[PDB]
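Participant: Attaching a single structure in structure tokens format; questions to follow.
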Amino acid sequence: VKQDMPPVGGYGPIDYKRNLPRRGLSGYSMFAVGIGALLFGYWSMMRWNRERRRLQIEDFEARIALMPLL
Amino acid sequence: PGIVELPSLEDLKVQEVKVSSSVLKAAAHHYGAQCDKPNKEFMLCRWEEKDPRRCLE
């Protein structure tokens, strides 16, 4: 006879339990990365703001030199 | 009440530095360096006189 039957060795194991990976860095790592990015941005903004102040002083002194003719 | 005493238009008729803003800005530092004495004289007499009818020379 022929009928719907599982095979001679049966069917294989089937996973039925939860599997969460558990991934990412430790919280100290992202805190250190954020703090380092903050410090780098602070340093770059400091340098560029000082340069901008120097350029503004230069432009203002050019204006002061140009004033009497106007 | 009072009367105003305005200067004649002949005294104000003087040739001008007919240039632009960028030309004045390009040579601004050297103009302020070389020509400090008449500019400072004019600024001082304008500040202490406060009257443009006496501040023309």
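Letters for chains follow the order of the structure tokens (A, B, ...), residue numbers begin at 1 for each chain, and ligand numbers begin at 1 in the order shown.
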Compute the chain A side of the contact with chain B at 10 Å, counting only C-alpha atoms, and hand it back as a PyMOL selection string.
Facilitator: chain A and resi 58-59+61-69
Participant: Find the residues near residue 51 (chain B): any atom within 12 Å, counting only C-alpha atoms, skip ones fewer than 4 places away on the same chain, and give them as a list in words.
Facilitator: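 The filter keeps residues 5, 6, 7, 42, 43, 45, 46, 47, 55 and 56 of chain B.
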Participant: Please dump the current selection as an mmCIF file, in the first residue's frame; keep C-alpha atoms.
Facilitator:
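Just written: out.cif:
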data_model
loop_
_atom_site.group_PDB
_atom_site.id
_atom_site.type_symbol
_atom_site.label_atom_id
_atom_site.label_comp_id
_atom_site.auth_asym_id
_atom_site.auth_seq_id
_atom_site.Cartn_x
_atom_site.Cartn_y
_atom_site.Cartn_z
ATOM 1 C CA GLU B 5 24.318 129.487 7.763
ATOM 2 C CA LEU B 6 24.998 126.961 4.999
ATOM 3 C CA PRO B 7 28.210 126.874 2.937
ATOM 4 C CA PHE B 42 39.986 115.167 10.195
ATOM 5 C CA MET B 43 38.536 112.692 12.701
ATOM 6 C CA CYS B 45 38.527 118.061 14.379
ATOM 7 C CA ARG B 46 35.166 116.506 13.466
ATOM 8 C CA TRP B 47 34.881 114.943 16.929
ATOM 9 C CA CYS B 55 35.000 120.778 8.939
ATOM 10 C CA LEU B 56 35.638 121.058 5.191
#
Participant: Taking only C-alpha atoms into account, name the residue in B:23, B:53, B:48, B:37 that is nearest to residue 9 (chain B).
Facilitator: B:53
Participant: Out of chain A, which residues get helix (DSSP H, G or I) from DSSP, as a PyMOL selection string?
Facilitator: chain A and resi 27-66
